[PDB]
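K.L.:
Can you read through this structure? Questions will come right after.
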Amino acid sequence: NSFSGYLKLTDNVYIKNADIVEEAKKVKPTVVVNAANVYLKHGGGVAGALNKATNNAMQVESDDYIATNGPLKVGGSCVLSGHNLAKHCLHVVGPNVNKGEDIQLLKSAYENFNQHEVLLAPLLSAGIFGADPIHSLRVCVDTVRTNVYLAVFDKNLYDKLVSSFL
Ligand SMILES: CCNc1nc2ccc(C3=C(C(=O)O)CCC3)cc2s1
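Sequential numbering from 317 applies to the sequence shown in the working numbering.
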């Protein structure tokens with residue numbers, strides 16, 4: 317958990333303009349969060365990037381988890397290996413509001429972070445899930461009580477988030 321270059325937004329939420337794969341490789345945190353779907357198919361966005369950085373080891377492990385346990389629920393999570401990126405990966409399913417999943421479930425999704433004292437994470441339901449990223453940061457601040465280090469790849473989005481918050 318050798319985090320550096322973060323800006324503290326609240327007592328427990330930190331933010332950085334960084335690629336989450338590069339942060340994970342540098343810091344080797346105890347927990348990296350994946351923005352997953354219910355079948356843990358890591359095809360694009362942050363999930364595709366983390367899986368590619370494990371050279372598809374995350375996808376083979378995820379398929380075995382699904383074969384034995386079934387899919388996750390929207391707002392749910394599971395803990396799997398973090399491979400070369402972290403001790404553990406917490407796979408969390410935010411709602412896909414573009415497909416009619418309820419935005420109320422974004423609070424349930426962020427509640428999974430509270431089971432871990434320190435996490436490196438992306439914003440949930442941003443990107444192809446369709447939630448407004450600034451609303452997702454507000455839900456993170458209002459819900460997460462443990463220490464979360466958020467990595468935002470896009471500089472234009474990062475500047476917008478820091479301006480709306482601090
Ligand atoms: C080059 C490998 N690293 C990465 N590939 C991506 C792809 C998408 C993203 C996304 C967001 C983010 O900053 O969390 C919000 C919307 C999609 C981030 C990354 S880091």
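By construction, the Cβ of each residue, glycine as well, lies at the ideal position given by its N, Cα and C atoms.
So, using beta-carbon positions, are residue 457 and residue 422 closer together than 7 Å?
P.N.:
Going by C-beta atoms, residue 457 is not nearer than 7 Å to residue 422.
K.L.:
Among residues of its own chain, excluding the 5 on either side of residue 445, which ones have a beta-carbon nearer than 8 Å to its beta-carbon?
P.N.:
351, 410, 411, 412, 413, 414.
K.L.:
Would you give the residue range spanned by the alpha helix (DSSP H) that residue 415 belongs to?
P.N.:
From DSSP, residue 415 is part of no alpha helix (DSSP H); its letter is neither H nor E.
K.L.:
What span of residues does the alpha helix (DSSP H) with residue 378 cover, start to end?
P.N.:
Start and end: 373-385.
K.L.:
Where do the N-terminal and C-terminal ends of the beta strand (DSSP E) with residue 354 fall, by residue?
P.N.:
From DSSP, residue 354 is part of no beta strand (DSSP E); its letter is neither H nor E.
K.L.:
When you measure from the CB of residue 361 to every non-hydrogen atom of ligand 1, does any distance come out below 6 Å?
P.N.:
Checking every heavy atom of ligand 1 against the Cβ of residue 361, one is found closer than 6 Å.
K.L.:
Name the two residues that bound the continuous alpha helix (DSSP H) containing residue 451.
P.N.:
From DSSP, the alpha helix (DSSP H) with residue 451 extends over 449-459.
K.L.:
Taking 6 Å as the line, does the beta carbon of residue 272 fall inside it for any heavy atom of ligand 1?
P.N.:
Outside the displayed span of the chain (317 to 482) sits residue 272, for which this structure offers no information.
K.L.:
Please confirm whether residue 331 and residue 323 have their CB atoms less than 7 Å apart.
P.N.:
Yes. Within cutoff.
K.L.:
Is any heavy atom in ligand 1 found nearer than 6 Å to the beta carbon of residue 443?
P.N.:
For ligand 1, at least one heavy atom lies less than 6 Å from the Cβ of residue 443.
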